[PDB]
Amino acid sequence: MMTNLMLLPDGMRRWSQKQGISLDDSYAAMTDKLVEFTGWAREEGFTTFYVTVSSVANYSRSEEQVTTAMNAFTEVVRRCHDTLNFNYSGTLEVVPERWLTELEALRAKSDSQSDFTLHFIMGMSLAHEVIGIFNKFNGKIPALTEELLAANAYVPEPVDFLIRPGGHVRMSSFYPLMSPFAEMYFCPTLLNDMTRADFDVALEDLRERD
């Protein structure tokens, strides 16, 4: 019985500036924090925890920024894959092959029997998502149906809750296509500063909406 949570990670540069550390050290703190957050989501009974790893636009950042970010997220999967089910999706042709190869190996290696899923979406972009779906079915079905669209969207189910820390109130290409009834929560706390209590009051806010 699915209940899901999606996190839009944010704040790594401001956190590096705040702490007087490198962007690499800030992304290392992000790796730690995302492992924590994954554990929190699991304890709270969410069936899938979605993490919006990257947009298409993110891959126009520098090669060093792309490498730093992708290694930090992948490291989350390296640490967690043995104890959960891992999956990923998105505009895979814009992800550098090194990360796709490692993430595919980790997905194949993950605990498929787990009742908890960590799911990465990479290269998020509604335009690219729709274009890929069209090109897949173009001329091959009489009409596109809601069922087929849902079966081919990057996020394979509706999102219950979406959280974006870091003070930006925007989706930044990370909006989940098939979630018309998702509740959103934004907070100024930088991701790397989020505590379990911050997460819990975020969930109080999200769950109490009448």
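The term rigid core refers to the most C-alpha atoms you can superpose between the two forms while keeping them within 1.5 Å. We number the residues from 1 along the sequence you see.
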* Structure fact -> Of the two stretches 138-146 and 178-186, CA positions deviate more in 4 other deposited structures of this protein after rigid core alignment for 138-146
* May I ask which stretch, 45-53 or 169-177, sits farther from the shown form in 4 other deposited structures of this protein once every structure is superposed on the core, judging by RMS CA distance? => 169-177
* Select between 138-146 and 34-42 the stretch whose C-alpha atoms have the higher average B-factor in the entry. => 138-146
* Which of 109-117 and 123-131 has higher mean CA B factor, as the PDB entry lists it -> 109-117
* To do: Compare the CA B factors listed in the entry for 187, 21, 191, 197 and report the winner.
  => 21
* To do: Place residue 58 in the lowest, middle or highest third of its chain's C-alpha B-factors, as listed in the PDB entry.
  => middle
* **residue 155 - Cα temperature factor, lowest/middle/highest third of chain** => middle
* Third assignment of residue 65 from its chain's C-alpha B-factors -> highest
* Asked: Lowest, middle or highest third: where is residue 26 by C-alpha B factor in its chain?
  -> highest
